[PDB]
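Enquirer: Below is the file query.cif, which contains mmCIF, C-alpha atoms and all ligand atoms.
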data_final
#
loop_
_atom_site.label_atom_id
_atom_site.label_comp_id
_atom_site.auth_asym_id
_atom_site.auth_seq_id
_atom_site.Cartn_x
_atom_site.Cartn_y
_atom_site.Cartn_z
CA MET A 1 33.77 -111.31 28.24
CA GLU A 2 34.34 -110.59 24.55
CA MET A 3 30.67 -110.88 23.58
CA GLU A 4 29.79 -108.50 26.42
CA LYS A 5 32.29 -105.98 25.02
CA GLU A 6 31.13 -106.31 21.41
CA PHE A 7 27.55 -106.09 22.70
CA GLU A 8 28.37 -102.85 24.52
CA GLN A 9 30.14 -101.62 21.37
CA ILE A 10 27.04 -102.33 19.24
CA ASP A 11 24.83 -100.62 21.83
CA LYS A 12 27.16 -97.60 22.03
CA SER A 13 27.17 -97.42 18.21
CA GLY A 14 23.40 -97.90 17.89
CA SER A 15 24.05 -100.34 15.05
CA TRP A 16 21.71 -103.28 15.82
CA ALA A 17 19.51 -102.32 12.87
CA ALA A 18 22.58 -102.24 10.62
CA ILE A 19 23.87 -105.68 11.72
CA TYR A 20 20.34 -107.10 11.41
CA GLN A 21 19.89 -105.75 7.87
CA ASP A 22 23.26 -107.27 6.90
CA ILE A 23 21.97 -110.65 8.10
CA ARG A 24 18.83 -110.22 6.05
CA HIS A 25 20.90 -109.38 2.97
CA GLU A 26 23.35 -112.25 3.44
CA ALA A 27 20.71 -114.90 4.24
CA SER A 28 20.26 -117.96 2.03
CA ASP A 29 17.54 -118.13 -0.61
CA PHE A 30 16.33 -121.61 -1.57
CA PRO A 31 13.16 -122.70 -3.33
CA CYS A 32 9.86 -123.28 -1.55
CA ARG A 33 8.01 -124.86 -4.45
CA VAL A 34 5.97 -127.35 -2.45
CA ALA A 35 4.81 -124.74 0.07
CA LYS A 36 3.58 -122.59 -2.79
CA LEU A 37 1.59 -125.27 -4.63
CA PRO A 38 -2.12 -124.40 -4.93
CA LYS A 39 -3.16 -127.45 -2.92
CA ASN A 40 -1.13 -126.21 0.09
CA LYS A 41 -2.65 -122.73 0.32
CA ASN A 42 -4.67 -123.50 3.42
CA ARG A 43 -1.74 -125.23 5.15
CA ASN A 44 0.22 -121.99 5.53
CA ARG A 45 -0.71 -119.47 8.20
CA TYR A 46 1.27 -116.66 6.49
CA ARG A 47 1.79 -116.43 2.72
CA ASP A 48 5.24 -114.84 3.30
CA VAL A 49 6.61 -117.60 5.60
CA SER A 50 7.31 -120.93 3.93
CA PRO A 51 9.67 -123.87 4.52
CA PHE A 52 12.42 -124.50 1.95
CA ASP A 53 11.93 -127.66 -0.06
CA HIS A 54 15.29 -129.10 1.00
CA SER A 55 14.63 -128.93 4.76
CA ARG A 56 10.83 -129.26 5.02
CA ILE A 57 9.36 -132.01 7.16
CA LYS A 58 7.40 -134.49 5.08
CA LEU A 59 4.32 -136.26 6.52
CA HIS A 60 4.26 -140.01 5.86
CA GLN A 61 0.56 -140.58 5.19
CA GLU A 62 -0.24 -141.04 1.35
CA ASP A 63 -2.31 -138.12 0.03
CA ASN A 64 -0.52 -134.78 0.86
CA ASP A 65 2.82 -134.79 2.67
CA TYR A 66 2.98 -131.05 3.36
CA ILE A 67 3.34 -129.26 6.69
CA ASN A 68 4.83 -125.79 7.25
CA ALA A 69 7.78 -127.04 9.32
CA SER A 70 11.53 -127.16 8.79
CA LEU A 71 14.31 -129.36 10.17
CA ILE A 72 17.16 -127.17 11.39
CA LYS A 73 20.13 -129.44 11.71
CA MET A 74 22.87 -127.64 13.64
CA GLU A 75 25.71 -130.06 12.94
CA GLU A 76 28.47 -128.47 15.03
CA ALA A 77 26.17 -127.89 18.00
CA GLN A 78 24.94 -131.49 17.65
CA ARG A 79 21.29 -130.63 17.99
CA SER A 80 18.39 -130.59 15.57
CA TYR A 81 15.14 -128.62 15.96
CA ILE A 82 11.88 -128.65 14.04
CA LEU A 83 10.62 -125.06 13.69
CA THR A 84 6.99 -124.79 12.66
CA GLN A 85 4.14 -122.29 12.50
CA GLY A 86 1.38 -122.31 15.11
CA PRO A 87 -1.01 -125.01 13.91
CA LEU A 88 -4.15 -123.94 12.08
CA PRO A 89 -7.61 -125.37 12.80
CA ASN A 90 -7.17 -127.78 9.83
CA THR A 91 -3.50 -128.70 10.53
CA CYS A 92 -3.59 -129.86 14.15
CA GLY A 93 -3.85 -133.49 13.04
CA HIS A 94 -0.83 -132.92 10.75
CA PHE A 95 1.09 -131.30 13.60
CA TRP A 96 0.65 -134.30 15.87
CA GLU A 97 1.32 -136.71 13.01
CA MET A 98 4.67 -134.90 12.57
CA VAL A 99 5.38 -135.19 16.30
CA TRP A 100 4.66 -138.93 16.13
CA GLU A 101 6.57 -139.66 12.94
CA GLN A 102 9.61 -137.57 13.94
CA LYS A 103 9.70 -139.17 17.41
CA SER A 104 9.74 -135.87 19.20
CA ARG A 105 9.08 -135.89 22.90
CA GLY A 106 9.00 -132.13 23.59
CA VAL A 107 7.04 -129.23 22.07
CA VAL A 108 8.13 -125.67 22.88
CA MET A 109 5.43 -123.04 22.45
CA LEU A 110 6.48 -119.38 22.71
CA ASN A 111 3.17 -117.54 22.31
CA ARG A 112 -0.15 -117.39 23.98
CA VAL A 113 -3.00 -118.68 21.79
CA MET A 114 -4.41 -115.13 21.68
CA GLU A 115 -2.27 -112.01 22.11
CA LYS A 116 -3.66 -108.46 21.92
CA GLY A 117 -7.02 -109.92 20.91
CA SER A 118 -5.61 -111.70 17.85
CA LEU A 119 -5.29 -115.46 17.39
CA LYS A 120 -1.74 -116.67 16.96
CA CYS A 121 -2.39 -120.48 16.95
CA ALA A 122 -5.19 -123.02 17.16
CA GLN A 123 -6.02 -124.67 20.48
CA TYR A 124 -4.15 -127.82 19.43
CA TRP A 125 -3.90 -129.56 22.82
CA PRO A 126 -6.63 -130.41 25.37
CA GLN A 127 -7.14 -128.05 28.28
CA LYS A 128 -9.20 -130.55 30.34
CA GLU A 129 -8.27 -134.14 31.27
CA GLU A 130 -11.79 -135.46 30.51
CA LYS A 131 -12.02 -133.77 27.09
CA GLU A 132 -9.35 -135.52 25.04
CA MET A 133 -8.79 -134.62 21.39
CA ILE A 134 -9.15 -137.06 18.52
CA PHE A 135 -7.60 -136.16 15.16
CA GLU A 136 -9.63 -138.31 12.82
CA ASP A 137 -7.62 -137.45 9.70
CA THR A 138 -4.33 -138.73 11.18
CA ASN A 139 -5.80 -141.26 13.63
CA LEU A 140 -4.30 -139.85 16.80
CA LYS A 141 -5.66 -139.25 20.28
CA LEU A 142 -4.22 -136.66 22.67
CA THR A 143 -5.04 -136.52 26.39
CA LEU A 144 -3.98 -134.06 29.05
CA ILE A 145 -2.52 -136.11 31.91
CA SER A 146 -1.35 -133.27 34.22
CA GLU A 147 0.20 -129.84 34.09
CA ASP A 148 2.60 -127.80 36.22
CA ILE A 149 1.52 -124.19 35.87
CA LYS A 150 4.21 -121.73 36.99
CA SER A 151 4.30 -117.95 36.96
CA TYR A 152 6.21 -117.55 33.68
CA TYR A 153 5.77 -120.93 31.90
CA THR A 154 3.68 -124.08 32.14
CA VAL A 155 4.78 -127.67 31.50
CA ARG A 156 2.07 -130.12 30.47
CA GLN A 157 2.27 -133.90 30.44
CA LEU A 158 0.36 -135.09 27.39
CA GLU A 159 -0.32 -138.63 26.24
CA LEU A 160 -0.29 -139.04 22.45
CA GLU A 161 -1.75 -142.33 21.23
CA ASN A 162 -1.48 -143.73 17.74
CA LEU A 163 -5.00 -145.08 17.38
CA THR A 164 -3.95 -147.48 14.60
CA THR A 165 -1.35 -149.33 16.70
CA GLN A 166 -2.50 -148.34 20.23
CA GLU A 167 1.04 -147.30 21.11
CA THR A 168 1.23 -144.35 23.45
CA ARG A 169 3.96 -141.78 24.17
CA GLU A 170 4.40 -139.08 26.77
CA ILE A 171 4.96 -135.64 25.20
CA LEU A 172 6.04 -132.68 27.31
CA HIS A 173 4.53 -129.34 26.32
CA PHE A 174 6.82 -126.48 27.41
CA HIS A 175 4.74 -123.37 27.12
CA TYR A 176 6.47 -120.01 27.74
CA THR A 177 3.49 -117.90 28.57
CA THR A 178 4.95 -114.47 29.35
CA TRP A 179 6.65 -113.10 26.23
CA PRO A 180 5.56 -109.41 26.11
CA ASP A 181 2.78 -108.33 23.78
CA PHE A 182 5.18 -105.93 22.06
CA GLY A 183 8.92 -106.05 21.77
CA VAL A 184 11.20 -108.44 23.64
CA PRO A 185 11.63 -109.15 27.36
CA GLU A 186 13.54 -106.46 29.20
CA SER A 187 15.62 -109.16 30.90
CA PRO A 188 16.41 -112.65 29.59
CA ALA A 189 16.21 -114.22 33.05
CA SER A 190 12.81 -115.91 32.71
CA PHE A 191 13.51 -116.98 29.10
CA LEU A 192 16.81 -118.55 30.18
CA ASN A 193 15.21 -120.36 33.08
CA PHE A 194 12.64 -121.78 30.64
CA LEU A 195 15.34 -122.79 28.14
CA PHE A 196 17.25 -124.59 30.92
CA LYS A 197 14.10 -126.36 32.09
CA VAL A 198 13.49 -127.69 28.55
CA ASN A 199 17.08 -128.92 28.43
CA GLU A 200 16.92 -130.55 31.87
CA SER A 201 13.68 -132.41 31.09
CA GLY A 202 15.26 -135.03 28.91
CA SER A 203 13.51 -133.69 25.78
CA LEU A 204 16.59 -132.72 23.80
CA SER A 205 18.09 -136.19 24.48
CA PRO A 206 19.65 -137.55 21.26
CA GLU A 207 17.68 -140.73 21.96
CA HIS A 208 14.51 -138.83 20.93
CA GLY A 209 13.57 -136.98 17.77
CA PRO A 210 14.06 -133.22 17.47
CA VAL A 211 12.23 -130.86 19.74
CA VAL A 212 9.38 -129.08 17.97
CA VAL A 213 9.45 -125.28 18.46
CA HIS A 214 6.75 -122.85 17.42
CA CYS A 215 5.33 -119.42 17.82
CA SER A 216 2.84 -117.99 15.38
CA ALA A 217 4.97 -118.02 12.17
CA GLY A 218 7.75 -120.23 13.52
CA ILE A 219 10.54 -117.73 12.72
CA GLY A 220 10.73 -114.83 15.27
CA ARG A 221 10.41 -115.94 18.88
CA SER A 222 11.15 -119.47 17.68
CA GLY A 223 14.32 -118.22 15.99
CA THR A 224 15.38 -116.51 19.24
CA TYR A 225 14.91 -119.74 21.18
CA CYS A 226 16.82 -121.82 18.62
CA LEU A 227 19.63 -119.27 18.25
CA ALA A 228 20.15 -118.90 22.01
CA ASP A 229 19.97 -122.63 22.66
CA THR A 230 22.40 -123.43 19.83
CA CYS A 231 24.93 -120.76 20.91
CA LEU A 232 24.87 -121.97 24.51
CA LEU A 233 25.50 -125.54 23.30
CA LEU A 234 28.45 -124.36 21.17
CA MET A 235 29.98 -122.44 24.04
CA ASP A 236 29.68 -125.43 26.36
CA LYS A 237 31.62 -127.47 23.76
CA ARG A 238 34.07 -125.28 21.82
CA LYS A 239 37.67 -125.06 22.99
CA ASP A 240 37.40 -121.26 22.72
CA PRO A 241 33.87 -120.41 23.97
CA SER A 242 34.34 -116.73 23.07
CA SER A 243 34.81 -117.75 19.42
CA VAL A 244 31.05 -118.34 19.09
CA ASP A 245 29.89 -115.75 16.57
CA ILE A 246 26.15 -115.30 16.96
CA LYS A 247 25.69 -113.71 13.52
CA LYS A 248 27.37 -116.67 11.85
CA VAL A 249 25.26 -119.14 13.85
CA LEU A 250 22.11 -117.30 12.78
CA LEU A 251 23.15 -117.34 9.12
CA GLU A 252 23.77 -121.10 9.44
CA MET A 253 20.25 -121.62 10.83
CA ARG A 254 18.83 -119.51 8.03
CA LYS A 255 20.08 -122.11 5.54
CA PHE A 256 17.26 -124.28 6.91
CA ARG A 257 14.35 -121.87 7.43
CA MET A 258 13.81 -118.33 6.18
CA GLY A 259 13.39 -115.26 8.31
CA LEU A 260 14.70 -116.54 11.63
CA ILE A 261 14.86 -113.50 13.96
CA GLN A 262 12.36 -110.99 12.64
CA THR A 263 13.61 -107.74 14.28
CA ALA A 264 16.78 -106.06 15.45
CA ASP A 265 15.31 -106.12 18.95
CA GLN A 266 15.07 -109.95 18.74
CA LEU A 267 18.67 -110.00 17.57
CA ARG A 268 19.80 -107.84 20.50
CA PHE A 269 17.79 -109.95 22.92
CA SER A 270 19.38 -113.12 21.55
CA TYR A 271 22.83 -111.65 22.21
CA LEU A 272 21.77 -110.66 25.68
CA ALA A 273 20.37 -114.13 26.47
CA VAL A 274 23.52 -115.86 25.30
CA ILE A 275 25.75 -113.47 27.33
CA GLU A 276 23.70 -113.97 30.45
CA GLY A 277 23.26 -117.69 29.94
CA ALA A 278 27.00 -118.22 29.42
CA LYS A 279 27.66 -116.63 32.82
CA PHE A 280 25.15 -119.03 34.39
CL CL B 301 -1.32 -128.22 -6.53
CL CL B 302 14.10 -111.68 7.32
#
Show me the file's structure as structure tokens.

Expert:
Amino acid sequence: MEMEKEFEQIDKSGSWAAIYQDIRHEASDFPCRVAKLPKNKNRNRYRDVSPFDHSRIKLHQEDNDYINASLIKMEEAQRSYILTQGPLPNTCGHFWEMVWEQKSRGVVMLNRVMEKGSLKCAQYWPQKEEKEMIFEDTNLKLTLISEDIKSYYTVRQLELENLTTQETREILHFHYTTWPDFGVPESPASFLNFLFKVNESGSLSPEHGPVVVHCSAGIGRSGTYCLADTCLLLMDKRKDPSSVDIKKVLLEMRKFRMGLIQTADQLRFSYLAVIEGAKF
């Protein structure tokens, strides 16, 4: 296992911080003019995390098309992802409008709504069957149909209805609920099981739009999920599976959204998840 040997070499050298800073230095820089317009100030959760203009998702209704979300198109892996921030109280209607317009059928959430007493995301889906949500700005209704609550993740069956046309769609909400409050998981086992459950659900089917992935900023935990999923896809396809270079894959994803993988510990965990998932 070449990656397992390079991993052990990086560990033995204590050079995760060094590799991670090289990634930061080598990462693409593209404009984010739309994100920074005055009229979009209250659409961004974090002033330092913005979508590039070239890859941002545009909303189709007529007054303001902006959402803090990026299309990551991993051409060789043959999968696209939408990475987005945790919705704000005023952007939940936009979030579901994006889900509708992009034809997504899965949402991957990697945070709890509150962590360490701080809010990471608005409560953008209904917790009770009988208390559906109506987004009057985007004319959508969202109902909780059922959920399967497990020890380390929950999968919810939501019904999203376009109130204009009365069309309905089933959306699966894949909520990883156990990422630690600080740092990364000690073992990737639970995270891998979750990733495989998302894949097995039929959500990443090329018949549907891209999966929507978020955490609080849509770059750290979300970057780890995207990076691990993309590397596992490449290994399951490439003639030489050991030729998958995780640093190069990450730099490719960073052409589409800034800041993906926010710490050297996230980078090490991504390597560890890919190594362990490849064995599986
Ligand atoms: Cl403006
Ligand atoms: Cl960064």

Enquirer: List the neighbours of region 208-217 of chain A out to 7 Å using all atoms listed in the file; skip same-chain residues closer than 6 positions along the sequence, and give me the result as a PDB file with C-alpha atoms, keeping the file's coordinate frame.

Expert:
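Once everything was written out, this is around22.pdb:
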ATOM      1  CA  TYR A  46       1.270-116.660   6.490  1.00  0.00           C
ATOM      2  CA  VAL A  49       6.610-117.600   5.600  1.00  0.00           C
ATOM      3  CA  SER A  80      18.390-130.590  15.570  1.00  0.00           C
ATOM      4  CA  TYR A  81      15.140-128.620  15.960  1.00  0.00           C
ATOM      5  CA  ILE A  82      11.880-128.650  14.040  1.00  0.00           C
ATOM      6  CA  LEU A  83      10.620-125.060  13.690  1.00  0.00           C
ATOM      7  CA  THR A  84       6.990-124.790  12.660  1.00  0.00           C
ATOM      8  CA  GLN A  85       4.140-122.290  12.500  1.00  0.00           C
ATOM      9  CA  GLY A  86       1.380-122.310  15.110  1.00  0.00           C
ATOM     10  CA  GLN A 102       9.610-137.570  13.940  1.00  0.00           C
ATOM     11  CA  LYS A 103       9.700-139.170  17.410  1.00  0.00           C
ATOM     12  CA  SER A 104       9.740-135.870  19.200  1.00  0.00           C
ATOM     13  CA  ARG A 105       9.080-135.890  22.900  1.00  0.00           C
ATOM     14  CA  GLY A 106       9.000-132.130  23.590  1.00  0.00           C
ATOM     15  CA  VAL A 107       7.040-129.230  22.070  1.00  0.00           C
ATOM     16  CA  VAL A 108       8.130-125.670  22.880  1.00  0.00           C
ATOM     17  CA  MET A 109       5.430-123.040  22.450  1.00  0.00           C
ATOM     18  CA  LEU A 110       6.480-119.380  22.710  1.00  0.00           C
ATOM     19  CA  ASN A 111       3.170-117.540  22.310  1.00  0.00           C
ATOM     20  CA  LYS A 120      -1.740-116.670  16.960  1.00  0.00           C
ATOM     21  CA  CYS A 121      -2.390-120.480  16.950  1.00  0.00           C
TER      22      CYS A 121
END

Enquirer: Which residues sit within 6 Å of ligand CL 302 (chain B), counting all atoms listed in the file, listed as a PyMOL selection string?

Expert: chain A and resi 24+259+262

Enquirer: Which of these residues is nearest to residue 278 (chain A), using only C-alpha atoms: A:66, A:196, A:95, A:174?

Expert: A:196

Enquirer: Using all atoms listed in the file, what are the residues with an atom within 8 Å of ligand CL 301 (chain B), set out as a list in words?

Expert: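 If we count all atoms listed in the file, the neighbours of ligand CL 301 (chain B) turn out to be residues 37, 38, 39 and 40 of chain A.
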
Enquirer: Give me, as a PDB file with C-alpha atoms, in the frame of the given file, all polymer residues having an atom no more than 12 Å from residue 150 (chain A), counting all atoms listed in the file and skipping those fewer than 4 positions away in the same chain.

Expert:
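out.pdb, freshly written:
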ATOM      1  CA  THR A 154       3.680-124.080  32.140  1.00  0.00           C
ATOM      2  CA  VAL A 155       4.780-127.670  31.500  1.00  0.00           C
ATOM      3  CA  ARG A 156       2.070-130.120  30.470  1.00  0.00           C
ATOM      4  CA  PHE A 174       6.820-126.480  27.410  1.00  0.00           C
ATOM      5  CA  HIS A 175       4.740-123.370  27.120  1.00  0.00           C
ATOM      6  CA  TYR A 176       6.470-120.010  27.740  1.00  0.00           C
ATOM      7  CA  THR A 177       3.490-117.900  28.570  1.00  0.00           C
ATOM      8  CA  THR A 178       4.950-114.470  29.350  1.00  0.00           C
ATOM      9  CA  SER A 190      12.810-115.910  32.710  1.00  0.00           C
ATOM     10  CA  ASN A 193      15.210-120.360  33.080  1.00  0.00           C
ATOM     11  CA  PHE A 194      12.640-121.780  30.640  1.00  0.00           C
ATOM     12  CA  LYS A 197      14.100-126.360  32.090  1.00  0.00           C
TER      13      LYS A 197
END

Enquirer: Would you mind telling me which residue in A:124, A:271, A:179, A:100 lies nearest to residue 162 (chain A) when using all atoms listed in the file?

Expert: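 Of all the options, A:100 lies closest to residue 162 (chain A).
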
Enquirer: Determine the axis-aligned bounding box of all atoms of region 119-134 of chain A present in the file, pad each side by 3 Å, and express its centre and edge lengths in Å to one decimal place as JSON.

Expert:
{"center_x": -6.9, "center_y": -126.3, "center_z": 24.1, "size_x": 16.3, "size_y": 27.6, "size_z": 20.3}

Enquirer: Which residues are close to residue 97 (chain A), i.e. within 9 Å by only C-alpha atoms, leaving aside same-chain residues fewer than 6 positions away? Reply as a ChimeraX atom specification.

Expert: /A:59-61,138-140,162
